[PDB]
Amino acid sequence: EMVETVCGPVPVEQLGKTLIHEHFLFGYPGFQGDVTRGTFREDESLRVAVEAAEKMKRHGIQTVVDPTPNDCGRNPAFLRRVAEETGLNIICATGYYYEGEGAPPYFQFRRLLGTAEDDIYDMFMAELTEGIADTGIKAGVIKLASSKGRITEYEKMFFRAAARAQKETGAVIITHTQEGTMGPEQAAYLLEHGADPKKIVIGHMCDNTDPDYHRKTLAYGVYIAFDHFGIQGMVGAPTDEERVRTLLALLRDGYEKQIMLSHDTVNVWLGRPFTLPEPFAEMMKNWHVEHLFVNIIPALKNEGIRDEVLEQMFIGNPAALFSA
């Protein structure tokens, strides 16, 4: 009936049109050490984050899931400010990123102590059922992530802890896959450990252009997310044209009740500002929160995708995902 947002419990039936994977803030681990030159400018950051939220609202978005990992600058209190200003529902996560873009030393050390996996489960339970730090905000999803071609031993600790927490709480799991790998493997591993496929979203699935890879993942009964719309020009990433091609094939096969769409935007980068070099910068120009609504959805409609199917993906699926 209810889901935890940054403003507290909200009825699942009130979530409405949802973006399943966007970041208001995000930083690569290590950004914290560059505080002198890469200061967090909260006022400007809030202005930018609120502007992004308003752009989403303009296209009927009422809810956003922000799965910023705990080790990547997650800031629930900041999200609450965005939500308070805009009236958007924002659902945050508990979880760590994958090894290559994460900060593994801490839980690797606890693994040497023999307690890491239990500590992670304890962290998930605390943040799902008690609150994050002193904010009073509970996470509404568990974020999991794996490496390219491998769910590492470090990563598997989180996967097992997540399955355990899910069995206890009924919490939704949202995942990151790296470079179009491990979708089927994540689903199989989570299900081995008793996780509920109807509560799992395997992310970044659109990074792989082989429809058989998607169908192998869909076979487990999980949700999949095409959540990289706008990300073009590598590393390895396919084009939006290719993403649309893959999506159309799955919709023709009747998989709409298992698919959600997003952009995985980073609206405010933590640390120093940066500029992409020009070939890449132009290829990435559509990576913003309006892209699905201005470009992608019109293209789907051009191919004959019905409004009810679009509504299934943006409204029906998040409602079902967060319902018992």
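Numbering starts at 1 and follows the sequence shown.
When 63-71 is weighed against 252-260, 252-260 comes out higher, by mean CA B-factor as recorded in the entry. When the C-alpha B-factors of 239-247 and 223-231 are averaged, 239-247 comes out higher. Note on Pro197, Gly87, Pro184, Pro76: the highest value goes to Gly87, judged by CA B factor as recorded. Out of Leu270, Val35, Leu276, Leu292, the entry records its largest CA B-factor for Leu276. Per the PDB record, residue ranking by Cα B-factor puts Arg164 in the middle third of the chain. When the CA B factors of the chain's modelled residues are split into thirds, the value for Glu311 lands in the middle one. In this PDB entry, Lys301 carries a Cα temperature factor that places it within the highest third of its chain's modelled residues.
When the CA B factors of the chain's modelled residues are split into thirds, the value for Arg111 lands in the highest one.
Sort the modelled residues of the chain by CA B factor and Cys92 lands in the lowest third.
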